[PDB]
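J.: For the protein sequence lines, the chains are E and P, in the order given. Just so you know, we're using full-length UniProt numbering here: the first sequence kicks off at 114 and counts up by one. Just so you know, we're using full-length UniProt numbering here: the second sequence kicks off at 58 and counts up by one. All C-beta atoms in this analysis are idealised placements derived from N, C-alpha and C, irrespective of residue type, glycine included.
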Amino acid sequence: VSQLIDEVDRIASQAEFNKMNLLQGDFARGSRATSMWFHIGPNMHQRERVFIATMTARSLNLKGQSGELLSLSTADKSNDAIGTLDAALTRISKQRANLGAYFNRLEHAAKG
Amino acid sequence: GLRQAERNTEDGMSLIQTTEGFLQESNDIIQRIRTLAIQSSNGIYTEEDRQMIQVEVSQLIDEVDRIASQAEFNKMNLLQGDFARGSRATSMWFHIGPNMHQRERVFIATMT
Numbered sequence: 114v115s116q117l118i119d120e121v122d123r124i125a126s127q128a129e130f131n132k133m134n135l136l137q138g139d140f141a142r143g144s145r146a147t148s149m150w151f152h153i154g155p156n157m158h159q160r161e162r163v164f165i166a167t168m169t170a171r172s173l174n175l176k177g178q179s180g181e182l183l184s185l186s187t188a189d190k191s192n193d194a195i196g197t198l199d200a201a202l203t204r205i206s207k208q209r210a211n212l213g214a215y216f217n218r219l220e221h222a223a224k225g
Numbered sequence: 058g059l060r061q062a063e064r065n066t067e068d069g070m071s072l073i074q075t076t077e078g079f080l081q082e083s084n085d086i087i088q089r090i091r092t093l094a095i096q097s098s099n100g101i102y103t104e105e106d107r108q109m110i111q112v113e114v115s116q117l118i119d120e121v122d123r124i125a126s127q128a129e130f131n132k133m134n135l136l137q138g139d140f141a142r143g144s145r146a147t148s149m150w151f152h153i154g155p156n157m158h159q160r161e162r163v164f165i166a167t168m169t
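#1: Would you call E/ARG145 buried or exposed, if buried means 16 or more other Cβ atoms sit within 10 Å of its Cβ?
#2: Can you give the beta carbon distance from P/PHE140 to P/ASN65, rounded, assuming they're within the 8 Å contact cut?
#3: Put P/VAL163 into one of helix, strand or coil per three-state DSSP.
#4: Taking the alpha helix (DSSP H) that E/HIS221 falls in, what are its first and last residues?
#5: Return the first residue and the last residue of the alpha helix (DSSP H) that P/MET70 is part of.
#6: For the stretch 194-212 of chain E, enumerate the residues whose C-beta is nearer than 8 Å to any C-beta of chain P, in chain order.
#7: Buried or exposed for E/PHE216, please, with buried defined as at least 16 other CB atoms from any protein chain shown within 10 angstroms of its CB.
#8: Between the beta-carbon of P/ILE95 and the beta-carbon of E/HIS221, is there less than 8 Å?
#9: Output needed in chain order: residues of the stretch 94-113 of chain P with a Cβ under 7 Å from some Cβ in chain E.
#10: Just to confirm before moving on: does the CB-CB distance between E/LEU202 and E/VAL114 stay below 8 Å?
#11: State yes or no: is the beta carbon of P/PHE79 nearer than 8 Å to at least one beta carbon in chain E?
#12: Just to confirm before moving on: does the CB-CB distance between P/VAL121 and P/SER83 stay below 8 Å?
#13: Taking the DSSP output, what are the residues bridged to E/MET149?
#14: So the candidates are P/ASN99, P/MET168, P/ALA166, P/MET149; which of them puts its Cα closest to the Cα of P/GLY69?
#15: Could you pull the start and end residues of the alpha helix (DSSP H) that E/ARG123 belongs to?
#16: Could you have a look at E/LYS176 and say whether DSSP puts it in helix, strand or coil?
#17: Name, please, each residue of chain E whose Cβ falls closer than 8 Å to the Cβ of P/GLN127.
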């Protein structure tokens, strides 16, 4: 589990498109870091925002803010751990649905 | 006057074609939303799945109003409603004759 969690952290920290990190949360809703803005349109103010939420291991609750990874060393704490990665899977699926909606909208915009 | 009127009616044909092409993608988006609604009425889905599909629905209406407020032929908006039947803003005519009053009017309703 520790190896897998480290892999998730590495994926979040290293994934990028054009030397811009995406899953770290720089383009998230409540972020002062930066804001994504496409320019689908031939005039001055035809821009649209794109929101990508932070996908690190703290966001998915796979590790505490103190750095303690989600532990399954005992049966009792392994049983209640299932809710944690259930919430993580819900977050991942919601973000994937958001990205798919953005994809569909952009495809329609390009076709038009 | 006859030559200029032929040029003007060709320009009007271009405008009509542009407007219809703009309406095509909005029609397709509405059909997509209808398919989503039909596939959403089944009771097997939970609240989270319906929220996820509502994300795509929200994106699709956002796209629809984007086309409505961004469609433009000659630096003039068409689908906003400036040429509707009860257009309080302006009216547009297609001078298709070589004489003083040989003209016609075309209506473009609101599509927001």
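T.: To lay it out plainly:
#1: That one is exposed.
#2: Between P/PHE140 and P/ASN65, the beta carbon gap of about 17 Å keeps them out of contact (Cβ cut-off 8 Å).
#3: In the structure shown, P/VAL163 sits in coil (DSSP, three-state: anything other than H, G, I, E or B).
#4: E/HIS221 -> alpha helix (DSSP H) spans 194-224.
#5: For P/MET70, the enclosing alpha helix (DSSP H) begins and ends at 59-97.
#6: Under the 8 Å Cβ criterion, the stretch 194-212 of chain E contributes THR203, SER206, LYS207, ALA210, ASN211.
#7: E/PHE216 sits exposed, since fewer than 16 C-beta atoms from the chains shown fall within 10 Å of its C-beta.
#8: Not in contact: P/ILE95 and E/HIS221 (Cβ atoms no closer than 8 Å).
#9: The stretch 94-113 of chain P vs chain E, Cβ under 7 Å: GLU105, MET109, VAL112, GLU113.
#10: No, the Cβ-Cβ distance between E/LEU202 and E/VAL114 is not below 8 Å.
#11: Nearest CB-CB separation between P/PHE79 and chain E: below the 8 Å threshold.
#12: Against a cut-off of 8 Å, the Cβ pair of P/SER83 and P/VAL121 comes out as a contact.
#13: Per the DSSP secondary-structure output, E/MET149 pairs in a beta bridge with E/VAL163.
#14: It is P/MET149.
#15: Under the DSSP assignment, E/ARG123 falls in the alpha helix (DSSP H) whose first and last residues are 115-127.
#16: Strand at E/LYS176.
#17: Annotation: Cβ neighbours of P/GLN127 in chain E (cutoff 8 Å, chain order): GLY154, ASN156, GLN159.
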